[PDB]
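Here the structure is laid out as structure tokens; the discussion comes afterwards.
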Amino acid sequence: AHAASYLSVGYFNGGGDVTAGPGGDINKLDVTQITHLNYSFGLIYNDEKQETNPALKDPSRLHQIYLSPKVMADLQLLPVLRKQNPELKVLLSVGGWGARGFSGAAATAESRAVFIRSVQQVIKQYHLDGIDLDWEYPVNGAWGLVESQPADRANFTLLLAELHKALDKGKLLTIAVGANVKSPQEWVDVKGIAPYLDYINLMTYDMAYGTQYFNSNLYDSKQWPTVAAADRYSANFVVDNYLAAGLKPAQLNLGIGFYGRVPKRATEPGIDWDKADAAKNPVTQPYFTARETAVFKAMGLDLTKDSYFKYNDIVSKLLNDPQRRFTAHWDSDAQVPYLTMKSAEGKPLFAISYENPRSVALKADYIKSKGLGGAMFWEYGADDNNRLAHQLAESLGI
Ligand SMILES: CC(=O)N[C@@H]1[C@@H](O)[C@H](O)[C@@H](CO)O[C@H]1O
């Protein structure tokens, strides 16, 4: 007689993203398929010396939120989206991969107050239901991609506490957190911040690095196993790490990638940093040759720079490749699909893993069985005719 309610929180790369590229078309989204939209991204005016976005270096706006023209214009369509789905909640996500300014914004009482005032101003001007902070990452700085300091852990908590106090009742405060095991251990006081957050979005993807083949495997592959311990990740492992650190499952949304990645293992030696004279003794070697890298290059994917491939492009360019160069497979342990390309020798080479309707439904089944609060996905612009979002909505009963 009583039915559970799951969330489906769809990121949309509207403004542009360092790794996913230019922003998409908000008009193509089906907002009836989701519960929450994270419009991405607000940026942060900052004094980091390595900032290359000159707009963000305006010293009169230090620590405030920056909204690009495209972001402003898209946020103007909110009334139309709300008419199509009057239950929809819309948040602005601030930060994203490579986004500077959190370490400075969070550092002092005065800096925190400026940031918070800016958050309040943006919520009010654009009539948002809340704010999502996507700081990559406190303390670690994504290994120097953004400035960081050890005080970031404590300061993130203070920032969230003070933002929670400032926000109107009813406004949502959320964050996205990293897959890396050091996130709950060292970077983010997850127990400390939990009281201030409506939910926590887990970035349970981007695992196709180092000696790992799969990008968003639910469990570890056995057929295509990761070699170095420090690289061995799955969505469930991440979930378990956050739960071990003291978060309740109902507060968590599992991140689902509407995209795939060509693993780094295909093109770069894989180093196990636990081994003797590690860099001279790689534990995997690249298996792509110029023949393979050229196929991807011709698609528009330069594997020396990036490995991201949107799901709609996987369908149109890989699955439906007129020359039939890609073969689709299912990994029964990892519960995701992957494609192989045939080497000149005739051997299948592992090309890319991704998510399809079947694997999305299996992640929804995990959400339901593990007792998580819902799904989050990156990102709506990468879906194919809203099919993966619709699958998620069907499987979660949204
Ligand atoms: C797009 C992305 O997430 N890249 C990161 C990278 O910063 C990092 O070097 C590695 C762990 O060292 O984890 C990868 O997932």
Side-chain angles (χ1 to χ4, degrees), residues 5-12 14 34-44 63-67 71 75 78 87-96 99 101-107 109 111-138 152-178 183-184 187-203 242 245-255 372-378:
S5 242
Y6 295 99
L7 303 188
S8 184
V9 180
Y11 283 87
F12 170 62
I34 47 168
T35 61
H36 296 69
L37 181 69
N38 281 352
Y39 186 94
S40 305
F41 288 104
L43 299 176
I44 307 172
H63 310 313
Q64 301 180 32
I65 299 171
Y66 167 83
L67 304 178
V71 175
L75 293 176
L78 298 189
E87 310 311 313
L88 184 65
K89 294 296 187 163
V90 183
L91 294 87
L92 173 75
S93 295
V94 173
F102 274 112
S103 179
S111 74
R112 285 190 294 278
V114 168
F115 179 89
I116 292 161
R117 285 200 292 275
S118 183
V119 165
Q120 286 281 263
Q121 184 277 310
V122 169
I123 288 174
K124 288 167 196 307
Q125 183 176 345
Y126 300 91
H127 305 297
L128 299 170
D129 297 298
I131 198 88
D132 176 75
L133 305 188
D134 182 10
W135 180 355
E136 250 88 270
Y137 290 113
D152 285 345
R153 171 179 192 278
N155 287 344
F156 193 27
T157 306
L158 294 175
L159 178 60
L160 291 169
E162 287 168 10
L163 189 49
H164 170 75
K165 175 147 103 81
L167 283 172
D168 298 15
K169 295 221 189 310
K171 294 303 183 186
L172 302 169
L173 175 66
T174 69
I175 74 174
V177 293
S183 175
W187 305 346
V188 180
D189 181 359
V190 291
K191 274 190 269 71
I193 67 183
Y196 309 121
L197 310 174
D198 296 279
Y199 50 78
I200 293 165
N201 290 325
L202 301 181
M203 299 187 291
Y242 280 95
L247 293 173
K248 291 327 187 245
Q251 194 178 23
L252 307 183
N253 293 318
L254 189 79
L372 301 182
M376 159 280 275
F377 56 89
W378 175 275

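Along the sequence shown, residues are numbered consecutively beginning with 1. We use all heavy atoms of the structure for the numbers below, so side chains are in, but hydrogens, waters and symmetry mates are not.
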I need the minimum non-hydrogen distance between [X] and [Y], along with the two atoms involved.
X    : Y    : answer
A106 : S111 : C-OG, 3.8 Å
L67  : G42  : CD2-CA, 4.2 Å
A166 : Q120 : O-OE1, 3.2 Å
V188 : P138 : CG2-CG, 3.9 Å
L37  : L88  : N-CD1, 4.1 Å
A107 : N155 : CA-ND2, 3.6 Å

Side chains of [X] and [Y]: does their closest heavy-atom pair fall under 4.5 Å?
X    : Y    : result
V71  : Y39  : yes
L78  : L128 : yes
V177 : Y137 : no
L75  : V122 : no
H36  : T174 : no
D168 : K124 : yes
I34  : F12  : no
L202 : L372 : no

Spacing of [X] atom [atom1] and [Y] atom [atom2] [to the nearest 0.5 Å]:
X    : Y    : atom1 : atom2 : result
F377 : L254 : CZ    : CG    : 13.0 Å
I65  : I116 : CD1   : CD1   : 10.5 Å
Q121 : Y126 : CD    : OH    : 7.0 Å
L159 : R112 : CG    : CZ    : 7.5 Å
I131 : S93  : CD1   : OG    : 8.0 Å
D132 : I200 : CG    : CD1   : 11.0 Å

Using only heavy-atom distances, determine whether the side chains of [X] and [Y] contain a donor-acceptor pair under 3.5 Å.
X    : Y    : result
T157 : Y196 : no
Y11  : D134 : no
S103 : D152 : yes

Output yes when a side-chain donor or acceptor of [X] lies under 3.5 Å from a complementary backbone atom of [Y], and no otherwise.
X    : Y    : value
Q251 : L197 : yes
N38  : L91  : no
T35  : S8   : yes
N201 : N253 : no

*Report, as yes or no, whether the 6.0 Å neighbourhood of atom NZ on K171 holds more than 12 heavy atoms from other residues, nucleotides or ligands.*
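More than 12 heavy atoms, drawn from other residues, nucleotides or ligands, come within 6.0 Å of this atom.
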
*May I ask you to decide if the ring planes of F156 and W135 are parallel, tilted or perpendicular, using 30° and 60° as cut-offs?*
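Ring orientation, 0 to 90° scale: perpendicular.
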
